[PDB]
Amino acid sequence: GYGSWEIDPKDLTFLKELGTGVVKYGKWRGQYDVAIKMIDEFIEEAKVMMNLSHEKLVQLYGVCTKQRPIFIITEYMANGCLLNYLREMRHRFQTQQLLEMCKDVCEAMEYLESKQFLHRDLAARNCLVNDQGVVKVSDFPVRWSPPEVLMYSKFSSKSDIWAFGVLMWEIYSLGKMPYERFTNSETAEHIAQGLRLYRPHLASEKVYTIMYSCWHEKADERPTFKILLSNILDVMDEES
Ligand SMILES: Cc1ccc(NC(=O)/C=C/c2ccccc2)cc1C(=O)Nc1cnc2[nH]c(-c3ccccc3)nc2c1
């Protein structure tokens, strides 16, 4: 048994399909909006989620494991995927809020960092946005990877840092694909040569400094999420 995490499937009301396992929108005891994910490796995700809880991380509500198919149930993020939000919902946010989106993600990642947990696929496509426009972290990505990952499969806290910088770039470019004119192969070559993503027009020089610091050639020279959070706050205070 999964203790207090076990949900009675009878308490669920399915309403709409969200993405295809299969994720659906519904209500839990007719009161709470939820997302429901249908299918040992699948249940591994839930176990990870039972041990992680933060305001900017998509929250597990429970699991249905006594019935096939098995369900994983989370909070419902009304505005969907961050990538699509950036591309399709620009009428709903101003330039000042771009940094707030970065701060939301940075807070989630600082929490993960403190738990010595690696995300390994940080990108806008893996973030969700709620009804209030709050961004939360959810769940080969060459364009989000540092040279040591592409060359040696060297994953660390510093590979999440690199990926975060690319995410910041995604936000400030309003959801452009990083290295938009290159293939994955070309991107890897260019990254190894020390080429870096240009400054998006919406990014001030101080904002760009933050994202650029995430892309230092030497992993050990990249900041931590604790440092990045303080930098973002400082810029927020100066530019707002
Ligand atoms: C159901 C489910 C189960 C598990 C996970 N796993 C993690 O979040 C990982 C966390 C994590 C793990 C480790 C570390 C960090 C984070 C996610 C989900 C999940 O897709 N939830 C969801 C919520 N709201 C949504 N809104 C829309 C939408 C709305 C409108 C349009 C389109 C789409 N789709 C949604 C989907």
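Counting begins at 1 with the first residue displayed.
According to its header, the structure was obtained by X-ray crystallography, 1.9 Å.
Backbone N, Cα and C atoms are what each Cβ position is placed from, and that goes for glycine too.
Marked as dasatinib binding site by Swiss-Prot: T74, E75, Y76, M77. For the recorded site, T74 (dasatinib binding site), the DSSP three-state label reads strand.
The active site, proton acceptor annotation in Swiss-Prot covers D121 and rests on sequence analysis. Around the Cβ of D121 (active site, proton acceptor), 14 further Cβ atoms fall within 10 Å across all displayed protein chains.
Long-range contacts of the motif 'CAV1-binding' (162-169) within the same chain: residues 102, 105-106, 109, 119, 121-124, 127, 141, 143-146, 149, 178, 197, 200, 207, 210-215, 222, 225, 228, each at least 6 residues beyond the stretch ends and with a Cβ under 8 Å from a Cβ of the stretch. What Swiss-Prot records for 162-169 is motif 'CAV1-binding'.
Sequence-distant contacts of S185 (phosphoserine), defined as residues of its own chain at least six apart whose C-beta falls under 8 angstroms from its C-beta, are absent. DSSP classifies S185 (phosphoserine) as helix under the three-state reduction. Taken from Swiss-Prot, the feature phosphoserine applies to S185 (among others), supported by a large-scale study or a structure entry.
The phosphotyrosine feature in Swiss-Prot is assigned to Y198. Mapped onto three states, the DSSP output places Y198 (phosphotyrosine) in coil.
The annotation phosphoserine is assigned in Swiss-Prot to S204 (among others). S204 (phosphoserine): 15 other CB atoms within 10 A of its CB, across all protein chains.
Residues annotated as phosphoserine in Swiss-Prot, with a large-scale study or a structure entry given as evidence: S240 (among others). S240 (phosphoserine) has a Cβ environment of 9 other Cβ atoms inside 10 Å. Classification of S240 (phosphoserine) by DSSP places it in coil, neither helical nor stranded.
Among the recorded positions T74, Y76, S185, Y198, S240, the residues whose Cβ lies under 6 Å from any atom of ligand 1 are, in sequence order, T74, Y76.
Distance (Cα-Cα) between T20 and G21, which enclose 3 unmodelled residues in the deposited structure, is 6 Å. Spanning 7 unmodelled residues, the distance from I39 to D40 taken between Cα atoms equals 11 Å. At the Cα atoms, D139 lies 15 Å from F140, with 19 residues between the two left unmodelled.
Cα to Cα, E75 (dasatinib binding site) and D121 (active site, proton acceptor) are separated by 21 Å. DSSP assignment over the motif 'CAV1-binding' (162-169) gives 8 helix, 0 strand, 0 coil.
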